[PDB]
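Only one chain is given next, in structure tokens, and it is the form solved without the RNA.
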């Protein structure tokens, strides 16, 4: 368990700004969000990071929204571990 959730299987047709705003719309109820990180760098498409202020908020977000159909795609959620090299391992 960690402050930050890592989301993938996001609909890649969605623009960065709208994707962040729609992510706030469904995740804000879990607790205070410090930021949402979205990259349109090709290998980082389809993915997002939601940084909660509290770990309890991130845990409830991950369990409640696992598989949630969003832009017609079920999102996959995991905890982001610091220094896990998500980007460096990704191709």
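Only residues modelled in both forms are compared. Definition used throughout: the rigid core is the maximal C-alpha set that superposes within 1.5 Å between two forms. Residue numbers count along the first chain shown, from 1.
There is also a form solved in complex with the RNA; it is not shown, and the following applies to it.
Touches the RNA in the deposited bound form: residue 29 (any heavy atom, 4.5 Å): Answer no; every heavy atom of residue 29 is more than 4.5 Å from the RNA in the deposited bound form.
Contact of residue 53 with the RNA in the deposited bound form (heavy atom, 4.5 Å): No, residue 53 is distant from the partner.
Any residue of 45-66 that, in the deposited bound form, places a heavy atom within 4.5 Å of the RNA: Counting only heavy atoms within 4.5 Å of the RNA in the deposited bound form, the contacting residues of 45-66 are 45, 46, 47, 49.
Core-superposed comparison between this form and the one not shown, runs of at least 3 residues with CA shifts of 2 Å or more: The run that moves is 83-89, and no other.
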